[PDB]
Number of protein chains: 6
Amino acid sequence: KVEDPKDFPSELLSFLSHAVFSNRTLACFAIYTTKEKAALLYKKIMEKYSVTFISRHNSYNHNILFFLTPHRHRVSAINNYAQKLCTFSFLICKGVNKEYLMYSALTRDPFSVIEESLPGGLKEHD
Amino acid sequence: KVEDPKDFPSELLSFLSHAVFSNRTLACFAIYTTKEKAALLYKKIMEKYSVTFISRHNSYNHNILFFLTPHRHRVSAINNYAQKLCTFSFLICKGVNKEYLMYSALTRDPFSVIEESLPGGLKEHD
Amino acid sequence: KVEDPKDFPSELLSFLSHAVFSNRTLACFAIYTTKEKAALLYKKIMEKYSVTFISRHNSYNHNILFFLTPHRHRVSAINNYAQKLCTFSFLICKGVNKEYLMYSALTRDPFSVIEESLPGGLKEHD
Amino acid sequence: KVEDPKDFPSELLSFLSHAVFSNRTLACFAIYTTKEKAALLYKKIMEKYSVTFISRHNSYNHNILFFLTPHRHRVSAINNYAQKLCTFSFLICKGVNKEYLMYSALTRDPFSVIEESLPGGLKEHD
Amino acid sequence: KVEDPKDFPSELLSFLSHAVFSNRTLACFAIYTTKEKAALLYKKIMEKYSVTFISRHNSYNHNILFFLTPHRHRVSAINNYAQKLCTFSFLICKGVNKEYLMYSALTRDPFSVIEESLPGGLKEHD
Amino acid sequence: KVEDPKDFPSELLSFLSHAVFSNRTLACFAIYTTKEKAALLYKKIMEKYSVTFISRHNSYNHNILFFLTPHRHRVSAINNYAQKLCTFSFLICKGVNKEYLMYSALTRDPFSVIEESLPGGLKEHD
C-alpha cells in the first residue's frame, strides 16, 4: 500500500555505486527488495555466485542483501539474475564501493542482521 | 491478416543503423517482432547477451525490444540468435545509433513500456 | 538413383572460385548438397561461422546454401566442417567471387529461395 | 545450554588458515559443528567434493570433520555448501595449512577418531 | 602377428622426406599406421591441422593417411600430435616431397582410396 | 628411503653441460627424476616444447628423460617448466653437449629405453 522504495535508504547511499549501467565489474553488491524475495535470493545468490559472504538485513519493513563475490561481475548481471528467477514488486541492485562501512551500517540501528553466512561478517573477519 | 512490417516504424528510423550486413560491432540493438515472440526473446536475450539493460515496448500491435550490451556484437549475430531459438512470422533486427533518443521515443506515444530491467531505463540512468 | 552432381549447375560456375585447395581466404561461400543435408547445415553453419547472411535454395531437386561470413576462411575449412558433422552422398563447397550475382541468380528461375536469414538478402541490403 | 564454540579448540589453531574470506583455494579443510550435523556432513561432503580422504573426530562433546579434496576450493565455498544442506546451531569452516599435523592431533587426546574413509588416514598413507 | 612395418612401402619411398628430425617445415605429410588408428586420425588431423585435403588409403592390410596443410609444420610436430591422442602398435610419419606423385600412387594398385575430403583429390584439383 | 641423486649418474656426466645458470641456449636436454614424474613430464614436455624427439629411460630405479627441441632454450627455462607443473622429490635438469653419445648410452646397460617418440631414436635417424 505504501509506494515501493525507489532507491536504498538515504543513509546508505554514500557507500554505493549509482552507475547501474556501468561495464565496470565489482565484487561487492547490495539488493533492496521485499522480505519474502530477499529470503529466497539469499539462498539462490549464495549458490549462483559462490559468495565469499552474504548477509540479509531488516530495512524499513523490507530487506537488504549484502554480498561479496570471489569473482567480479557487472551490477547489471546481478540484476538480471534476480529477474530471471522471480517477478518483484520492487528490486534495487547496486554495487558497493565501501564494503566494510556498508556491512557495518547494516548491523546497527536502524538496520539489523537477520541471517548471514559467517557470524559477525566483516566486523569480525578480513 | 495485415501484412507484417518490413521495417521499424517510420518515426524511429533515424535512430537506427540500416547496414544490417555490416561487420561493425555495436552495443545497442532493437528488434521488431510479434508480441508473443518479443516476450520470449526478452528473457532469452537478457541472459544470452548479459544485457546492461533491456526493455519491451508496445508498437502498433507488435512489440519492440531495445537493449544495451556490455560487449560489442554484430547486428547479424543478434539476428542469428533470435533465429536459432524460434521461427518468426516477422523479425527485424537493427543496431541503434542513438541509444537515448531511441529509448526515450519508445516510452512515449505512440509507444509505451511493457516491461524493462531497470525502472525508467535511460531516462533515469547514465 | 541419378548420379550425384560433380559440380555446381553450369550456369553458376562463373560466379565461383574453383581453386578448392587454395590457401586464400574468402568471406562468401556456396555449398551444393542434398535437400536434407542442406537443411541441417543451414542451422549449423549459421552458428559455427556467425554468418552475416545465409540462404538456402532449390536447385535441380537438390539444395544450394549461400552465405557471407564476418571473418575470412579457407574454402577447405568450410568443407572440413561440413564433413565433421555429417556423411554426405554428395557435397560440393566453393568460394564465391561474385557475391551479389550469385545470390541474385539463386533467387530466380531455375532457382528459388527456401529460407534465408534476412528477407530479400543481397537484393535488398548492402 | 553451554555457549557454542566461536572457533576451533585453541590447540588446533596454528594448523588452520583464519582468512575465511580469502579468494585463495585450498585442498584441505576442517569443520567444527555438532555431533549430529557432522555425521550427516561426513557423507554429504564425501560425495559432493569427491574427497581424497575424510575423517570425523570427537572434540569437546562436538565433532570435527577433516578432509582432503582432489580439486582446490575456496573455504567460503565449503561453508556455503554446509549451509545449503542444513541449519546449524554452530558451524566453523576453515582451511587447513598443516594437513598432517592437523590430522595427527585429531587422532590423539583430547581428540579421537569416530570414523574415517581410510584406516589410519595420513598417519599411514602419503 | 606379422612384424609391423618399419617404413612406408618401398615403392613410395622416393616421394618422402626421410629427415624425420629436421627443423624444416612442410605442408604435405603421410602417416602409415593400422586401419583402426588411421580411421580415427583422419578425423582428428582434419580438424587439428585444418587440412587443405586429406585422404585415407589401403596399404598392405594397413592404412596410409595423406594430407596437405594450409600452414607449414615440422614432421615431428605431426608425429607428436598422433602420439598425444593414442598409443599405436606402429606409427610412421614422414613429410612428402612429391605431393601429386604420392597421392596419385596411393589411388592405384597396390593402393586404393578408402575415403577423402574431396573426390579425386590432387588428380582432379590444383 | 635412499637419498635422492644429487646429479646424473657418473658415467653420463661427460655428455652434459653443468653450467645450469648459463644464459646460453641449447636444443638438447636431459632430466633425472622419479619414475612417476618422468612419465608425466614425457607427455607434457613433448607438447610444451614441440620436441623433435623425446625418450624416457630406466636409470638406477629412477628415470631419465632425453629430448631435442626445434627451438633453443635456456636450461633454466626447462627447469622452471618442470617446477610449474609438479612438486618433485628430486629433479635435475641439464643441457646435453653430446646428443648422439648421450642417447646411445641411455639405450645400453645400465640404461634402457622405456618409451620414445621415434623407434631407435638417434641411432636410426639424423
Side-chain angles (χ1 to χ4, degrees), chain C residues 2-10 12-14 16-27 29-34 37-38 41 44-45 47-50 62 64-65 69 71-97, chain E residues 15 25-31 35 38-57 63 65-74 78 81-82 85 95-104 106-107 113-126:
Chain C
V2 172
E3 192 179 75
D4 289 335
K6 287 196 182 77
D7 209 340
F8 283 82
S10 56
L12 301 180
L13 297 175
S14 301
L16 305 175
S17 174
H18 297 98
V20 292
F21 292 152
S22 185
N23 284 345
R24 285 192 214 95
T25 61
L26 293 166
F29 306 89
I31 294 174
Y32 202 15
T33 190
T34 60
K37 295 295 173 161
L41 284 177
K44 295 293 185 173
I45 290 176
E47 176 154 39
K48 172 70 178 178
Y49 292 107
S50 194
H62 317 289
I64 291 169
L65 291 172
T69 54
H71 302 293
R72 304 176 77 78
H73 307 273
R74 293 172 301 271
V75 174
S76 52
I78 306 305
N79 188 56
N80 291 342
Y81 176 70
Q83 293 174 38
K84 182 172 67 171
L85 305 173
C86 318
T87 300
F88 300 85
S89 69
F90 86 101
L91 175 80
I92 307 156
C93 184
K94 290 185 169 176
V96 175
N97 289 327
Chain E
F15 305 136
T25 61
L26 293 166
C28 186
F29 306 89
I31 294 174
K35 300 190 288 301
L40 171 56
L41 284 177
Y42 179 89
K43 299 182 163 55
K44 295 293 185 173
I45 290 176
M46 176 186 279
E47 176 154 39
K48 172 70 178 178
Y49 292 107
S50 194
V51 300
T52 293
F53 177 75
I54 185 161
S55 53
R56 184 163 64 98
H57 304 264
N63 280 10
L65 291 172
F66 170 88
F67 52 101
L68 293 164
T69 54
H71 302 293
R72 304 176 77 78
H73 307 273
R74 293 173 301 271
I78 306 305
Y81 176 70
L85 305 173
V96 175
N97 289 327
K98 303 297 187 173
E99 306 92 337
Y100 172 75
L101 296 176
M102 178 68 167
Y103 173 77
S104 296
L106 291 167
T107 67
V113 176
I114 296 163
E115 57 178 339
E116 56 192 348
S117 63
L118 288 182
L122 288 67
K123 299 192 298 183
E124 302 291 326
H125 302 275
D126 228 0

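Within every chain, numbering begins at 1; the chains are lettered A, B, ... in the order of the sequence lines, protein sequences first and strands thereafter. Any value given below was found using the heavy atoms of this structure, including those in side chains, with hydrogens, waters and symmetry copies removed.
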S.K.: Which heavy-atom pair separates E:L118 from C:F21 by the least distance, and what is that distance?
M.R.: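 Nearest heavy atoms, E:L118 then C:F21: CD1-CE2, 2.9 Å.
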S.K.: Is the number of heavy atoms from other residues, nucleotides or ligands within 6.0 Å of CD (E:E47) greater than 12?
M.R.: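 12 or below, so no.
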S.K.: Under 4.5 Å heavy-atom distance to chain E, tell me which part of C:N23 shows up: side chain, backbone, both or neither.
M.R.: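 The side chain, not the backbone.
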S.K.: Can you tell me if CZ on C:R24 sees more than 12 non-hydrogen neighbours from other groups inside 6.0 Å?
M.R.: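 Atom CZ in C:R24 is not crowded, with 12 or fewer foreign heavy atoms closer than 6.0 Å.
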S.K.: Counting neighbours of OH on E:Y100 that are heavy atoms of other residues, nucleotides or ligands and sit closer than 6.0 Å, is the number greater than 12?
M.R.: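 No.
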S.K.: Keeping the roles fixed (side chain from C:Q83, backbone from E:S117), state whether a donor-acceptor pair exists under 3.5 Å.
M.R.: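 Pair found, side chain donor or acceptor close to backbone of E:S117.
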S.K.: If I measure from the heavy atoms of chain C, does E:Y42 come under 4.5 Å with its side chain, its backbone, both, or neither?
M.R.: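 It is the side chain, since no backbone atom gets that close.
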S.K.: How many angstroms lie between OG in C:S76 and CE in E:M46, if you round to the nearest 0.5 Å?
M.R.: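 Atom-to-atom, C:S76:OG and E:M46:CE are 10.0 Å apart.
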